[PDB]
Amino acid sequence: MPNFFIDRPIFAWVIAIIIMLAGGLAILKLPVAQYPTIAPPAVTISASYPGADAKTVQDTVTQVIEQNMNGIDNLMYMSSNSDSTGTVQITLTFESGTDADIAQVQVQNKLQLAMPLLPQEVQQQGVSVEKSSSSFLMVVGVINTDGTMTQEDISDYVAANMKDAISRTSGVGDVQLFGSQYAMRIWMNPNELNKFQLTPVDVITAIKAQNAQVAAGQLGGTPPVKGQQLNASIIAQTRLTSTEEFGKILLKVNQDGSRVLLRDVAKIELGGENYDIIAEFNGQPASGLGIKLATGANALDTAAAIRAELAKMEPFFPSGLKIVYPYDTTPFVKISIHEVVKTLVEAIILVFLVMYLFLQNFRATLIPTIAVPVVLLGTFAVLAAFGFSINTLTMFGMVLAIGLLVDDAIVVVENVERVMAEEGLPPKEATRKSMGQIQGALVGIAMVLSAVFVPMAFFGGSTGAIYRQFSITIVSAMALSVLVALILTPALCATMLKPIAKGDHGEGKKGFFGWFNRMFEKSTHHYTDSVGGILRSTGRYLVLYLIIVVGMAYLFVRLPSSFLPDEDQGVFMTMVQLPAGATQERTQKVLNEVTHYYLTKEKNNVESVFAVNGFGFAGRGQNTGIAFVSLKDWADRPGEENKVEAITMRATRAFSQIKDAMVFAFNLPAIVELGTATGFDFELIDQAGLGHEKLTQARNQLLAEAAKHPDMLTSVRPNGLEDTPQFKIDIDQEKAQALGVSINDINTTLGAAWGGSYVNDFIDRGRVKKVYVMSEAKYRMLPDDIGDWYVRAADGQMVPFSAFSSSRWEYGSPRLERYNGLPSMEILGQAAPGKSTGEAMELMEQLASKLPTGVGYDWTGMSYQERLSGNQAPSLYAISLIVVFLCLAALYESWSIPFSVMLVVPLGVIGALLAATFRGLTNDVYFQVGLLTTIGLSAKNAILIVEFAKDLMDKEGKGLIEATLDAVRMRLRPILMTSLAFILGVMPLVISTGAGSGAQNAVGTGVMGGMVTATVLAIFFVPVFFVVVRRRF
Amino acid sequence: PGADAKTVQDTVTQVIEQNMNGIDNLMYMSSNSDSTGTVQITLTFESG
Amino acid sequence: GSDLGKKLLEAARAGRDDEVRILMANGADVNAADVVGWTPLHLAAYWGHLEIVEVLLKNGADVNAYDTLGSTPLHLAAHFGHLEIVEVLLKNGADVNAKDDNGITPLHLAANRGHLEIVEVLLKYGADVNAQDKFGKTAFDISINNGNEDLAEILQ
Ligand SMILES: CCCCCCCCCCCCO[C@@H]1O[C@H](CO)[C@@H](O[C@H]2O[C@H](CO)[C@@H](O)[C@H](O)[C@H]2O)[C@H](O)[C@H]1O
Ligand SMILES: CCCCCCCCCCCCO[C@@H]1O[C@H](CO)[C@@H](O[C@H]2O[C@H](CO)[C@@H](O)[C@H](O)[C@H]2O)[C@H](O)[C@H]1O
Ligand SMILES: CCCCCCCCCCCCO[C@@H]1O[C@H](CO)[C@@H](O[C@H]2O[C@H](CO)[C@@H](O)[C@H](O)[C@H]2O)[C@H](O)[C@H]1O
Ligand SMILES: CCCCCCCCCCCCO[C@H]1O[C@H](CO)[C@@H](O[C@H]2O[C@H](CO)[C@@H](O)[C@H](O)[C@H]2O)[C@H](O)[C@H]1O
Ligand SMILES: CN(C)c1ccc(O)c2c1C[C@H]1C[C@H]3[C@H](N(C)C)C(O)=C(C(N)=O)C(=O)[C@@]3(O)C(O)=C1C2=O
Ligand SMILES: CCCCCCCCCCCCCC
Ligand SMILES: CCCCCCCCCCCC
Ligand SMILES: CCCCCCCCCCCC
Ligand SMILES: CCCCCCCCCC
Ligand SMILES: CCCCCCCCCC
Ligand SMILES: CCCCCCCCCC
Ligand SMILES: CCCCCC
Ligand SMILES: CCCCCC
């Protein structure tokens, strides 16, 4: 193939041009996102039951739905929470590879058929089935700064005037409103109701009759009387549209003929559908939109399109209304792209500098400058064909591949130059001879590198989807690189390189280059003399090699593992947890104090605090809240002390002092779904109808035993909520029947008043909205208020609630969990330092085996995969190891020689571990992929050394030592050139601080450490490997 | 049944359309709401 | 309220004997109460922690404390079938005839759940078999309505 293209440079250029056009096209059309999809597909079913307690939700909604989740394909597991905010969420998680749309439609369809089994009020609210996702492209906050709007006003403005246009914006896949559109709020007063012998039942009946759409028909409708001249629709009653109309609803006509209107027994106003969340932004009322990227969209274009849409709404904003951007992943992604592009460009300039330094002519310098960009462009084309996106992972895959691509260019060009100087052959014939020396090796190398990288595409679950991004990116780049090395670069060398006189090594040049040349030829002799001495004394080097191998294993076993490094993403969270039963007002006081700290103590770093009172991650309610902190741009936070980790640490320390509240700050995970590499996710399960209290006791028994193994388990804790006091009210049926009071009037009076009731819909400025009745706050606050509510008996008497009821305090659960359809309690924890998660999990199982009869367990989330596709690695690297050996055996036509190459593996790994251990880094995915690329490159170096030596022995009848010395002499320069260029090129990543430096440091340090030791060690050890292996066999 | 075009549009058509976002390969959407209370919304997708 | 008080309310409820022990040594308020008026003794009696009930009483707990609805620890112990706690409470002066706001007595509650041994203990300490709740019901009325013949026999 090289010979073919040496004589057909134009054909080679055409292939190059096609690759470049395909790549250029790919780059224009490639989706861009921070991360590709990684978590397995999950579908969430959400329902609301206004005024329902957790047990009511679970036993009338959750169990019924769960019991119908049958006949759905590829389900791994199902889980649910039923809570005292009247909410249920059931999450169904599917096998990786499941079509998410099909999973969702199967779920929705089984639900549809369960709907008639659900309470009327739940059917009325509706049950949502949605694809579960945790990543937002951005969060647009909307605030009012002149005190003229409440958060309810803002939410309705956003819903009516902003949300739909954002939803229609190019690239946006989903939009969530942080609040609701208005509802018509009827706030009842029990004293007025009793005054007129009315009840919420009467209110509800009047609203249903007087706010309604009524069908009529037509004038002159078919079939008509012939001769009819007109046909027109009859419009009868249509829905109310205003608070004023609602106030005028007629409830009763007194005997004196006076009228009782709804406004006489209730306050009427537009308000929110719910009042559980209070949202503030720097202390001001707030709403917002949570926006997600559509499939295959471009994150950068979508963000810009959203901002453009927002800009044209701006002129129509009510006074005081303002857009803020507390969260936007895009600026971060932009920086990642610039940084990667910058790295690739500098790498190409470095190759230019090193090529010129050693080869000292611009033509040689031109060749890699063309070849590398052609490979990179082609790689994008292949990614496009694989359906990949430009994302954090794929982009770092490309820089992890840089050494490999640069090495192909350098190896081909350098070898031609060597041949010309050593033989006086003209460029064309030198290129032919040169390619004849390396082409077989290049193909063998392509197979070997495929064997190293492809297996990583076969891990399962979430980690597998991550490895797969790097694996396909690197293998694609590597394959294109070898194609280009066999097709384009030989054509270029033959047509662009100038002749070199035999024996000319530039030693007679003037100034710097003559000096460098004389110096470098001298150093090469020192090197070969040294290798000669080494080879007179291989024994001690075998001992040194074992020392290295042992130190590697030692270093490796003590390096803690993680997934992906945290970043200063310009935002972080702070959690606010008050004791159970604490009220919204108490939580608001803590949030205010939190917000005040950031705008005061972190004045220089913090742009805004977005405080969400009433929202929590593992349970909602009045006693929980979150403060989402947005920082100024990195550019104005110079110094390790003004970055997230630092602010965070200080924050949590300052709050350690808050009285009756747990408050603390933390960075965001790179990808939420991965939890901690170290953490586990355990489910305790009621397998025998034991009930909530007994499950709780067993949970506690488990947690107490875990706590006695700090050596293995740390922070073993429940993920959910503890039981709390609840007010149990018993209706006396006998007394109700004696008084002539119906249970139905009793129960709707109670629920409508104290829990609220969705009555029907009305139309507010052309948009359909809900109508709710509920007591005014002051009549539903305390037990004594119960007796202020009256029900009308059949005989017209008003009977106080206290006449037919009794009450007592008891405990019950504010959040009931289920797992695969059975009562459950989720338990989180992590392996103690120096301990594997597998070990921690094994203990948990041991402890779980001693719990009361009927209590079982299961592993879910990150742990589910562990118990599964964590049983694959050494099986995959065993295959990799075997294929590599086989490819080498074919290359060298020997079962023994391949060992002399494989021995090289530890040489780079030791330096990567040293650098990572020393900088206090972890064994994460970036470190791991870099190990592969480092190993790949050292292997390639060794393959060429061994190929040259072997050929010298086979073809020129040279002795073992003689051939080895000559081979190592020839490979010195190109090995050094590549190492120099790569090491410098990856250096910026190593010292990088600022945005995305977490990932940059992770890929740089391991790579730089590995390249140092691989380079220094290999040039002395591979000749040892080769000699000892040949002597042995 | 029985609703006029504007009632149907406000209570049905717009409610559905505002949820017809973020569907793959959607080229355009068109709808009509009429005096018989009938609504038809048609979504047309990219060829292929 | 006090911080030690809160810790005691939690320890009592969870049945952490040793923590209670230490809390008693440090003077944690045995008369602490949460929002619904439950003392450590209410909690211990409800969740059935016998040893804590005894420690609390030795440390001056009010055996007859009542919550915001008028219920005492004896009510709780009787209702949830904690026989030995019932006996200890009574040994320590618990009011056998205490009525909550609904006129409900510990005897009503034990009868309602069919706790026969607890019913016998209550009668032994002088429980008023003819006490009526706000609806005019006695323990016997409850027994027959529930169709508990054994209990109905006892209350005769
Ligand atoms: C240039 C070419 C490059 C070559 C690339 C080839 C890579 C192919 C990947 C193979 C698939 C890996 O994943 C697959 O996982 C299961 C286990 O989870 C393996 O099965 C293995 O694991 C289990 C558990 O220890 C054993 O009980 C089983 O006997 C064993 O064979 C499969 O043998 C393996 O194939
Ligand atoms: C950029 C990459 C490299 C940068 C600089 C690298 C320098 C590092 C030094 C390591 C080289 C090894 O050094 C080499 O060791 C052997 C012995 O094992 C010496 O060889 C000499 O000593 C040994 C034993 O003592 C004898 O058996 C041998 O006959 C003798 O000539 C060499 O004279 C020496 O050059
Ligand atoms: C010529 C052939 C060369 C073969 C060389 C292969 C070694 C280099 C690859 C880098 C990985 C190093 O470390 C290896 O990879 C995994 C990646 O999940 C690491 O991290 C994790 O592996 C598995 C996989 O889910 C986890 O269950 C485990 O808990 C964790 O350690 C492990 O520490 C180790 O198994
Ligand atoms: C608005 C942008 C979307 C926000 C995404 C929400 C992420 C969901 C996280 C909920 C976790 C609940 O609380 C939890 O926060 C973390 C998970 O991120 C943990 O924090 C953990 O993750 C981090 C970020 O990489 C770290 O720097 C911590 O050392 C680590 O402990 C906390 O130990 C835990 O208390
Ligand atoms: C969770 N989140 C980011 C925010 C932030 C600021 C907010 O101001 C709010 C939310 C949650 C949303 C959820 C919505 C939901 N729905 C979309 C209307 C909803 O089901 C409820 C509910 N309790 O059922 C709300 O609290 C809710 O009405 C509400 O008041 C919210 C709200 O006020
Ligand atoms: C846009 C892509 C660049 C096209 C490169 C054209 C350069 C062609 C030079 C070919 C001559 C090769 C020696 C005969
Ligand atoms: C004449 C020597 C041919 C060398 C061929 C090298 C490529 C072999 C690699 C085999 C991998 C399966
Ligand atoms: C896994 C392969 C190990 C085989 C090594 C055997 C080498 C035999 C060579 C015999 C030389 C004549
Ligand atoms: C031979 C390589 C041609 C690449 C085809 C590009 C197809 C792009 C589809 C728009
Ligand atoms: C890696 C090249 C990707 C560059 C495309 C950037 C899109 C810019 C539009 C805002
Ligand atoms: C897995 C393939 C191993 C092949 C080894 C053959 C060794 C030949 C020794 C003579
Ligand atoms: C000799 C084969 C030429 C290569 C064609 C792509
Ligand atoms: C000549 C064989 C080409 C192989 C490409 C990887």
Side-chain angles (χ1 to χ4, degrees), chain A residues 37 39-50 52 57-83 86-135 163 167 172-177 180 290 292-296 673 758 761 768 770 818-821 860, chain B residues 11-26 29 31 39-43 45:
Chain A
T37 295
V43 173
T44 293
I45 307 179
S46 298
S48 293
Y49 191 166
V57 173
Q58 172 181 262
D59 288 356
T60 70
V61 187
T62 312
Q63 291 205 48
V64 178
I65 296 184
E66 285 177 348
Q67 283 183 17
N68 284 273
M69 288 297 108
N70 309 308
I72 294 164
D73 301 315
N74 304 122
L75 220 215
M76 297 195 301
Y77 51 77
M78 159 174 84
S79 69
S80 68
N81 299 312
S82 308
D83 83 22
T87 295
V88 44
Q89 289 224 342
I90 298 170
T91 300
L92 295 94
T93 302
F94 295 79
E95 303 283 348
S96 287
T98 300
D99 180 306
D101 298 310
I102 294 296
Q104 181 182 352
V105 78
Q106 289 186 343
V107 173
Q108 164 216 151
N109 279 347
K110 293 303 176 178
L111 201 238
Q112 274 196 83
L113 298 161
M115 289 303 302
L117 313 177
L118 301 181
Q120 295 272 65
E121 29 286 294
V122 168
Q123 297 186 56
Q124 177 181 7
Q125 287 292 324
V127 181
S128 308
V129 183
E130 306 180 74
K131 284 140 117 186
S132 249
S133 201
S134 299
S135 62
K163 184 169 177 279
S167 296
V172 357
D174 186 69
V175 189
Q176 304 171 359
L177 183 67
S180 73
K292 298 179 179 178
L293 236 207
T295 296
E673 8 289 332
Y758 175 17
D761 294 337
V768 60
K770 298 184 166 61
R818 304 180 69 86
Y819 193 74
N820 282 329
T860 193
Chain B
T11 64
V12 179
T13 310
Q14 281 188 80
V15 181
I16 294 172
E17 289 188 343
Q18 72 194 21
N19 283 279
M20 291 297 133
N21 46 276
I23 295 175
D24 295 348
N25 298 124
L26 214 219
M29 173 173 66
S31 76
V39 168
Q40 292 208 290
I41 300 165
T42 303
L43 289 87
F45 298 80

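All values below come from the heavy atoms of this structure, side chains included, with hydrogens, waters and symmetry mates left out. Numbers restart at 1 for each chain; the letters A, B, ... are given by sequence-line order, proteins then strands.
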Least distance between heavy atoms, [X] atom then [Y] atom:
X	Y	result
B:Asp24	B:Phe45	O-CD2, 3.4 Å
A:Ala47	A:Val61	CB-CG1, 4.3 Å
A:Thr62	A:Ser80	CG2-OG, 3.4 Å
A:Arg818	A:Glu66	NE-OE1, 2.8 Å
A:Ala39	A:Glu673	CB-CG, 3.8 Å

Going from [atom1] on [X] to [atom2] on [Y], what distance comes out if it is rounded to the nearest 0.5 angstrom?
X	Y	atom1	atom2	result
A:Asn74	A:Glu95	CG	CD	6.5 Å
A:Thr860	A:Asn820	OG1	CG	8.0 Å
A:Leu118	A:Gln125	CG	CD	12.5 Å

Side chain A:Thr87, main chain A:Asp83, donor-acceptor under 3.5 Å:
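Checking the backbone N and O of A:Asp83 against the side chain of A:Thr87, no donor-acceptor pair under 3.5 Å is found.
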A:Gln124 side chain vs A:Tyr758 backbone, donor-acceptor pair below 3.5 Å
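Yes, A:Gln124 side chain to A:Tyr758 backbone: donor-acceptor pair under 3.5 Å.
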A:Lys292: partners by salt bridge (charged side-chain N to carboxylate O under 4.0 Å, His left out), with sequence neighbours left out
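Listed in chain order: nothing, the list is empty.
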Using a distance-only test with no angle check, is there a side-chain donor-acceptor pair under 3.5 angstrom linking A:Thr91 and A:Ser79?
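No pair is found: no donor N or O on one side chain lies under 3.5 Å from an acceptor on the other.
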Would you check if there is a donor-acceptor pair between the side chains of A:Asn109 and A:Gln106 at a distance under 3.5 Å?
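Side-chain D/A pair, A:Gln106 to A:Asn109: absent.
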Is any side-chain heavy atom of [X] closer than 4.5 Å to a side-chain heavy atom of [Y]?
X	Y	answer
A:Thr44	A:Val129	no
A:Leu111	A:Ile65	yes
A:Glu130	A:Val43	no
A:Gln58	A:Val88	no

Given salt bridge (charged side-chain N to carboxylate O under 4.0 Å, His left out), test A:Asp174 with A:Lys131 step by step and report yes or no.
CA-CA 10 Å; A:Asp174 186 69; A:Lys131 284 140 117 186; over 6 Å; no
Can you tell which of A:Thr93, A:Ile45, A:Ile72, A:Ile90 makes a side chain to side chain contact (heavy atoms under 4.5 Å, CB included) with A:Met78?
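That would be A:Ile90; it is the only one of A:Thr93, A:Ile45, A:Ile72, A:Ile90 passing the side chain to side chain contact (heavy atoms under 4.5 Å, CB included) with A:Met78.
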